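*Asks:* need coordinates for the below:
(chains A, B, C, D, E, F, G, H and I, ligands or ions: 5)
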Amino acid sequence: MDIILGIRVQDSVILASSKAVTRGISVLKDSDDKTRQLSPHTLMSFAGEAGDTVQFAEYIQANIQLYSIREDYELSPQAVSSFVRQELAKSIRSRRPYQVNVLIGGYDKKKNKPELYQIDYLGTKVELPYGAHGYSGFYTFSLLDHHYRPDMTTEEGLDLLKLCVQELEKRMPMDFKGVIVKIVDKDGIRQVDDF
Amino acid sequence: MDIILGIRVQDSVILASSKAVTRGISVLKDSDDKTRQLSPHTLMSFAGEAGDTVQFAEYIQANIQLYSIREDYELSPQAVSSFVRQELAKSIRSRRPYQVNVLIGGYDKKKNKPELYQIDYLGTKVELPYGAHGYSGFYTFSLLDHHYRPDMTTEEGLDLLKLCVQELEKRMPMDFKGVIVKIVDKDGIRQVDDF
Amino acid sequence: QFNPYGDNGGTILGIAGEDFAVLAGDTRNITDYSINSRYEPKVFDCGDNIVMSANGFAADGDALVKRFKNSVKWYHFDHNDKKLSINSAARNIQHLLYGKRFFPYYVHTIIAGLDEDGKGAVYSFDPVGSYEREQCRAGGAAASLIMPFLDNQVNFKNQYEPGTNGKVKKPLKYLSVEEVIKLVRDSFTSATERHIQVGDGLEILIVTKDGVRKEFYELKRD
Amino acid sequence: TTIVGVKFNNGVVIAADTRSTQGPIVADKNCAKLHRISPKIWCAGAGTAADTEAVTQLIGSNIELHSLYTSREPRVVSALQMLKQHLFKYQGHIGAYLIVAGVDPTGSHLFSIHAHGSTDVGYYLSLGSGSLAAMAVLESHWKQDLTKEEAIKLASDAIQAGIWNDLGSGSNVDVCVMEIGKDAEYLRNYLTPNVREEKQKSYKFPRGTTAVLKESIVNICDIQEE
Amino acid sequence: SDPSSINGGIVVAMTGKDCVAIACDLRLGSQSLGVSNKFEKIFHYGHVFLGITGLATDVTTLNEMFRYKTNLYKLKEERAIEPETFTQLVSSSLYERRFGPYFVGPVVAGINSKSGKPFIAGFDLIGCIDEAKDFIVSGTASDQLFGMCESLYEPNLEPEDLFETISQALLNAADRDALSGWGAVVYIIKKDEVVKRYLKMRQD
Amino acid sequence: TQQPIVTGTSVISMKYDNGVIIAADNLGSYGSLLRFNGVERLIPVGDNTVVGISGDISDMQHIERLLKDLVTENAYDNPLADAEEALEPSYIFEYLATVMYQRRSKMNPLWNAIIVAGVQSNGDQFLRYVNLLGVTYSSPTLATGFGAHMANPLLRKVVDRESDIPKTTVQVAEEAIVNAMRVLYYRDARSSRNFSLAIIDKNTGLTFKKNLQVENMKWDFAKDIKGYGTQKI
Amino acid sequence: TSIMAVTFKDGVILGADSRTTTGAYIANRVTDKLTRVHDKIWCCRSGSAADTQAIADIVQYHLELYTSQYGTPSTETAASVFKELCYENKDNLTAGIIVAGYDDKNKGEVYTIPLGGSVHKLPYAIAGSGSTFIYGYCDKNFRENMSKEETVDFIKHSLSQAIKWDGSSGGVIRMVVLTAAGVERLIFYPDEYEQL
Amino acid sequence: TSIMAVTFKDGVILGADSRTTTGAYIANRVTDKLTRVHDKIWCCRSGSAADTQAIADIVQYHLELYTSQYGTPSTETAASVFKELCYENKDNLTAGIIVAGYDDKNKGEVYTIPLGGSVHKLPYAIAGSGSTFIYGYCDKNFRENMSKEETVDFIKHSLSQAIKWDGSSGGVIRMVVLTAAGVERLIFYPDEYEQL
Amino acid sequence: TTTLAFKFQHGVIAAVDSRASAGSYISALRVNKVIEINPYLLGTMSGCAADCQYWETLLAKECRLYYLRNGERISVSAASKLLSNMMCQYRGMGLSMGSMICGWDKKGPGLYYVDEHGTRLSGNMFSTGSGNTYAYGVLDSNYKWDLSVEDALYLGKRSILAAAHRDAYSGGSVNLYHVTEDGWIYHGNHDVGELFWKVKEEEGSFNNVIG
Ligand SMILES: *[C@@]([C])([C][O])[C@](*)(=O)[C]([C]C1=[C][C]=[C][C]=[C]1)[N]C(=O)[C]([C]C1=[C][N]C2=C1[C]=[C][C]=[C]2)[N]C(=O)[C]([C])[N]C(=O)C1=C([C])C2=C([C]1)[C]=[C][C]=[C]2
Ligand SMILES: [Mg+2]
Ligand SMILES: [Mg+2]
Ligand SMILES: [Mg+2]
Ligand SMILES: [Mg+2]
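*Replies:* Numbers count the residues shown, from 1 in each chain, chains lettered A, B, ... in the order given. Ligands and ions are numbered 1, 2, ... in the order given. Okay, here it is:
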């Protein structure tokens, strides 16, 4: 798929993901949710080749849910991101690699800190205050570099995110049909229904 | 460029043309007018390869303006469309062809009839009640086939055109930044400033 | 580089009647601009009142028919000599063809017989197994020459009743076996004239409740 | 295509089949492959049909003018030289493969010419997709000092070999005999061994079968007086 | 990509008793997209009729060219061009573009005004003439047309019978071709009257 | 997938009233080089079958060994190995046809064209073709490679259809085959003058003729041919 | 193709086979590859038949026009004209020509002009696809100042072996003898040379 | 490379040049291309040196193991093992091998195994890039039942011409004589064979 | 192909065309592009004929086994997933299969789009095939949740007609289905030739075409 954004503020992580799905010359859907909940306080958005994205995300989801049941314990965002990276690094040298780029937004309940991890299909992991995949960063990173503070509130994070989407909507040739925004904090994961 | 539409109603021809211009991954302009007035009652919209479109249109404009001055007389839309077709048919077998598709909307003052001609870069001319170039017709022709009558008013023509643009905006992957709409009738050429 | 495929030409034709069916095919076998044989049977009686033809690359066609004949033999062994119905044969052939989805049998297959209500039946396949029951089907080299003729003369397409001027169609009256055989012979004579890979001989297999009968007719040898 | 050329006692004979194909489809069942360059110089062409016609008409036109200029009857070597120099210049892009035969004041002549501009001499030749089938007949039955009747037989037998065994060849046999001291006799459809049999049925339709929307008279006449 | 199949279309011509018939479909497309259902492919210069299939820009270009050439012929010769002569003109004009050809499949049809003899002819894109007695076919459904014409045709048909035969050949051939159809026209031609009929057909 | 290296050219054959005839030259070509001049490409199997093979010689020698092994294997626990349960032409062909089609299906073909000629138990003539693609066909006359283009037309003038077989004697059939071999020597650049010929008759059995030569050749007319057009001397 | 030209005491002899192929089909089995450009200057042709015929025709024209103006040309002069055509049009030609001629002053001379358009004057020359198989034989058996009968035997035996091993070569063996006495054509059929 | 094996009255002789090239560079000018697989069964190698060495090593192993179980193998048996390796691995090999050996029963025998893996028993055989130039010479000069000295001269003269014309061939001429008397190695240097 | 399917108040409508092509040649005029998996499950077909038939016929085998093991009909969501999982096995091997799995289960009416990439999408409206753009035009401007069974069936029918007209690789006839909680209901085969002229007159549409 097309655009996925992420931003880590004071006390939460916000992920924004486009709604469009295109096959051939036709937009089949304009309300697609490019994300899976891995655990109560860990959300993963994804983008890449058709089919592979959902299959990979669901496969990761199943593995983390299996870990949660076995140990009666939620893995840290760092642990989950490392697990995901290894799977992608394992995948890139396979017969047919999974062409999937992800952002992992999680709230670490132990450290009481939000955490955002950016991982591409090669298995390239980086922890960031804000991130994106594909061409999204080309348009948005200049705004984020300018406006971002680490002590920002969730509401300020959403406003800076709105500015990023507006810039994308102005200067991108593709119509990505807006974004679904989700917030990850100490209380869990919730969706912003009006954006 | 991307999308150009045309529709011939009772007493006028309406041409709608996208406003976007893209270089690389960036939309450089969202207010571009993809059209040239060939004569007081003849308008030509265009779409194709970068640069060639404007050069071709202006070259046609100059030739028709030269004819108008020499004879103190406005050529019929049919005559202009035939001139344009020959230039494109001449061009397709040149060393480097001009990759330009056009719609010619004109009001014939002699016959008191609106006329719409669709001509592609090969020199393929057809007179139509409504027309388009590229992928535009794939989305819009089903609506036009359903709703079009030959006795439609200009206002009904604009409403049917709005429906076509809405369908394009829904099912096209590309953001073409809306359209500039122009009307060609007995009184000449005017632009609809609110669309 | 080695090319595992080839083209042996030929053309086949199946027509379903009310209580009979015919499967016809020319007897010419070719490669490029040469004739291999003027009489090389292409339509086969496979048992259980079923006739079959796999037209295109003969090697793949012979392999398929051989395998289907074998499937009929084992159907009898495994299911108490039960008769293999034409619909059951068709589905079986689908799986034979799709089993080689990634290295296809390069043939157009057609089978003909009688359904379980005694009515005439023709089934048509593509090289990778997609199939359907049909009333009329020409396959092979001159398939595009013959099919429109059959749309016109078997299903009375674009034919209307005089005087009404396009308001009332020609009614779909059934065809006798004598009438069908005429359309088959005229179809192949016409195909032989305008297609270089069609000629030499015509062999028709007619299926009725009484069994399978054969008719042979000469074609132009040029 | 099957074409042949056979020399005999007092002249030369050429022949050809009458099938023209587009791919595996037969476009024309009675094509005329025997072309005239001059009255007593005839050629037959295989390969690109338009090229064999265009190149034959061009050289035939220049040969006619040459004949008028020199007040002499045209020679086969002139046609040959003019053809090969034209074909060579275009480096095989004009796909004309011809057998050229005729009689002139020098004698009887038989040549073959290929698209790139090479020429050959022989007593018997064959060209086209059916050349091998025809040459098998020629190599089996040709001899020195053939009569006119023997050569026509050999030529038409060689064409028949191509008709029956080559899919690119078929239908009828055309012949042209060029004898010294005589007019050339063109025998169109010399053999007709491939007549289509009567159809089992007539497909003449009832009048009114086809649906019609509009009828109109077409004005083919010029603008009228009064 | 293939110029001869971008726009689609078909033309067929037949001879009858003291008459000829030429017919064509009306479709113009851009590959899968149907663009026009009024793109007629038959033109006439005096009493000589010409049908052209193939790349539509060349169809239009050639019509304009032969109109040009037959108009000059008429002014100089002081008479209308005959079918036999026009056939050679078409052949000449196509071969002059031997190494940059018009991607077309022309078909000539007409009756010699002096001899009264019915005449048809076909060409390839490069000029080779096919002078058949029976019928000529051209277009994206040429295979289909060969099959229909070969089976339906019989010699010495009367004008009104010939109409049914050519119409049924065209219609059923077009209905087995994705790139042909969207309407059809049939010209019935006699020595001094020509009738033009638009056929009703399926519009898919 | 391979390419053929050392190759044998045409194999030609036909049916006649009481049996079948088959022939093939003794050349093993290495491209345009006429490298090996003593190669036998007709291989008898018992006294009722001759397999003629064209194409890659290394694959021919492999097939030769398969047939030799087939005879050995048939004799095992078979008291009627030289009588009712002897190898038939139809058994030998079907075996080869199975092998050829299997090998092409593994994309590793035996690069050959094969004609199995013989006479069955009931006296019936057997003549069938198979090649590297597993394609099979039967005809009153059969030929491979150039033979298909030049021999078949000549042989079909003798036996044009099935009904001409009883009317064709062994003398007429052999004559047609020998003439065909001469024509191939005139016109096939990868042919040799030396060839072998085999006759399998239902009465007289298997006659295998070695060291045959093309004779009665016409070359004299060459002396008169001068230049390529205008040259007189 | 198998072609050769050999100088001897009384002049020079040209030799060639008669086979022309289109792949493995023998398009002409009685070809005349020994072509005359002047009375006593002949050439042997190898490579593209279209190219070699077109060249030899042009050379014959040049030497005919030379003769009209300046008298009988030398064999060296003929070779130079061949060379000039082959060299300047090397990109569009595939021609391997042997030039052989007799003067009274220079006697028998042989020039070979391979693919690139270079010229090489030699006692004898061999060319064509079949020449590869007789380099060893010809080197061991050639002598200078042989007799006419010895030279004919040398060419016959040599081309015999070339024909024997090269499938692109065959048919009859044609020869042309160039001496003060005049121009003699010879021919040798398969039954004669195969049994050598 | 220029290699050959010739049968004569008392047995068989193998001959070869000594040049190995990497393009136009002579990587080794004193190569030993005559290789032993058994006491009196030797082979001449042409093609990929890696492939031919690997094959000959495997054959030597098979015949050593054959000998341990069944006694002295025939020359035919040796050739079959070469063939089996060359034929079954034809896709991955580029080997042209001549096999030559002496029995007391069968005397001198020569088998050639070209690229495809076919086997051909012959009176004499030639192979390698330089063999093309001596097909004519060798055919004209070979006789059956020659003497040892006649056979050595035949091989010497033949390879001399192959070396003379083939740039891929050169150096010394090595030979191996296989008779009832035993195994004799010979060598002939440039100054000897060039002047022939 | 052109196929479509959409959810509405009274279930789901499914409509497909009936053409089959082999280049410019129209290979079949009346192929059945809908499969009756069970009395409450339908599957549309677009792409490789062969593929579509094999894998959706196999889906029906697998959906039948679900009923035997669980004693309960399979959901539309689960059925669509089984199919999407079959596609993921032959991932990249060159299959071509676009389909809508339509039906009625415990959650009400269901509709899932599935393609050869293993894509599985839930939604109220879908259209696949070479002519899907033409169908979407009519659907988008006329669709409502409040449609009547009669008006909905007509919309699906008219939408295919639009595509059959313009798309060269769509046509032949229209097959209609209506899925209810008592099962699917076939609403017949409708020739496009006859339907076009009928719709032209009654609706007044296709003014540009002459009839
Ligand atoms: C549209 C017509 C556009 O193709 C539609 O997609 C149909 C779908 C369809 C589904 C089920 C049954 C029939 C048709 N597609 C086709 O017709 C495809 C198009 C196609 C060709 N190559 C290709 C295609 C699609 C995707 C990749 C590659 N056509 C076919 O698959 C051809 C091979 N089918 C036939 O020729 C058939 C014949 C003949 C035949 C069939 C199919 C079924 C029953 C009897 C005969
Ligand atoms: Mg990264
Ligand atoms: Mg024929
Ligand atoms: Mg359509
Ligand atoms: Mg050296």
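
*Asks:* CA atoms for contacts and neighbours, from now on please.
*Replies:* Fine.

*Asks:* mind naming the longest helix for chain E?
*Replies:* Across chain E, the helix with the greatest residue count (assigned by DSSP state H) is helix E:56-77.

*Asks:* do that one and chain B meet at all?
*Replies:* Yes: applying CA under 8 Å from any CA of the partner chain, one finds helix E:56-77 touching chain B at E:56-57, E:60-61.

*Asks:* now rank those residues by neighbours and give me the top one.
*Replies:* With neighbours taken as other CA atoms under 10 Å in any protein chain shown, the top of the residues of helix E:56-77 next to chain B is residue E:56, carrying 27 neighbours.

*Asks:* ok, that one - contacts?
*Replies:* B:124, E:7, E:28 (CA atoms under 8 Å, 6 or more residues apart in numbering or on different chains).

*Asks:* burial check on the closest residue to chain F within chain C, number of neighbours?
*Replies:* Nearest residue of chain C to chain F (CA to the nearest CA) works out as residue C:59 at 4.5 Å. Counted with other CA under 10 Å, residues neighbouring residue C:59 total 26.

*Asks:* cool, residue F:193 as well?
*Replies:* Close neighbours of residue F:193, defined as other CA under 10 Å, add up to 18.

*Asks:* can you name the residue of chain A nearest to chain I?
*Replies:* residue A:51 (4.6 Å).

*Asks:* wait, that residue touches residue I:92, no?
*Replies:* No: shown here, residue A:51 and residue I:92 do not form a contact pair, counting by CA atoms under 8 Å, at 10.9 Å.

*Asks:* compare these two (neighbour count), which wins?
*Replies:* A count of neighbours by other CA under 10 Å puts residue A:51 above the other of residue A:51 and residue I:92, at 23 against 11.

*Asks:* leaving out the residues flanking it, which one is nearest to residue A:89?
*Replies:* Take residue A:89 and drop its neighbours on the chain: the residue closest to it by CA to CA, 6 or more residues apart in numbering or on different chains is residue A:123, 4.4 Å away.

*Asks:* my guess is the one you found contacts residue A:81, does it?
*Replies:* No: in this structure, residue A:123 is not within contact of residue A:81 by CA under 8 Å, at 10.2 Å.

*Asks:* so the two - more neighbours on which side?
*Replies:* The neighbour comparison of residue A:123 against residue A:81 (other CA under 10 Å) goes to residue A:81, with 26 against 21.

*Asks:* surely that one touches residue A:104?
*Replies:* Yes: look at residue A:81 against residue A:104 with CA under 8 Å: they come within range, at 6.7 Å.

*Asks:* overlap of the contact sets of the two?
*Replies:* Contact criterion CA under 8 Å, 6+ apart; residues shared by residue A:81 and residue A:104: residue A:117.

*Asks:* report the contact partners of the residue nearest to residue A:89.
*Replies:* Residues in contact with residue A:123 (CA under 8 Å, 6+ apart) are A:85-89, A:92.

*Asks:* please repeat the previous calculation with a cut-off of 10 Å.
*Replies:* Each residue near residue A:123 by CA atoms under 10 Å, 6 or more residues apart in numbering or on different chains is listed here: A:82, A:84-92, A:100-102.

*Asks:* over to residue E:16?
*Replies:* E:118-119, E:133-135, E:153-163, E:188-190.

*Asks:* need the distance between the two termini of stretch G:27-46.
*Replies:* End-to-end distance for stretch G:27-46, by CA to CA, to the nearest Å: 15 Å.

*Asks:* now that stretch: buried residues?
*Replies:* For stretch G:27-46, a neighbour-count test (16 or more other CA atoms under 10 Å in any protein chain shown) marks G:27-38, G:40-46 as buried.

*Asks:* then stretch D:42-56?
*Replies:* If you call a residue buried by 16+ other CA under 10 Å, then stretch D:42-56 has these buried ones: D:42-56.

*Asks:* which ones among these are found in helices?
*Replies:* Per DSSP H, the subset of the buried residues of stretch D:42-56 in helices is D:49-56.

*Asks:* what's the neighbour count on residue E:194?
*Replies:* 18.

*Asks:* hmm, what's the outermost residue in chain G?
*Replies:* Computed with CA atoms, centre = their mean, the residue of chain G farthest from its C-alpha average is residue G:69, at 27.1 Å.

*Asks:* distance check, that residue against chain F.
*Replies:* Residue G:69 is 23 Å from chain F, where distance means CA to the nearest CA, to the nearest Å.

*Asks:* what about that residue, helix or strand, and which?
*Replies:* helix G:49-70 (DSSP states H and E).

*Asks:* show me the strands in chain F, by range?
*Replies:* Using DSSP state E, the strands of chain F run over F:6-8, F:11-16, F:19-25, F:28-30, F:33-36, F:42-44, F:49-56, F:112-119, F:125-131, F:136-138, F:141-143, F:194-201, F:205-213.

*Asks:* tell me the residues on chain G that lie near ligand 3, please.
*Replies:* Contact residues, chain G versus ligand 3 (CA under 5 Å from the ion): none.

*Asks:* which residue would be the closest one in chain I to ligand 3?
*Replies:* At 26.8 Å from ligand 3, residue I:25 is the closest residue in chain I, using CA to the ion.
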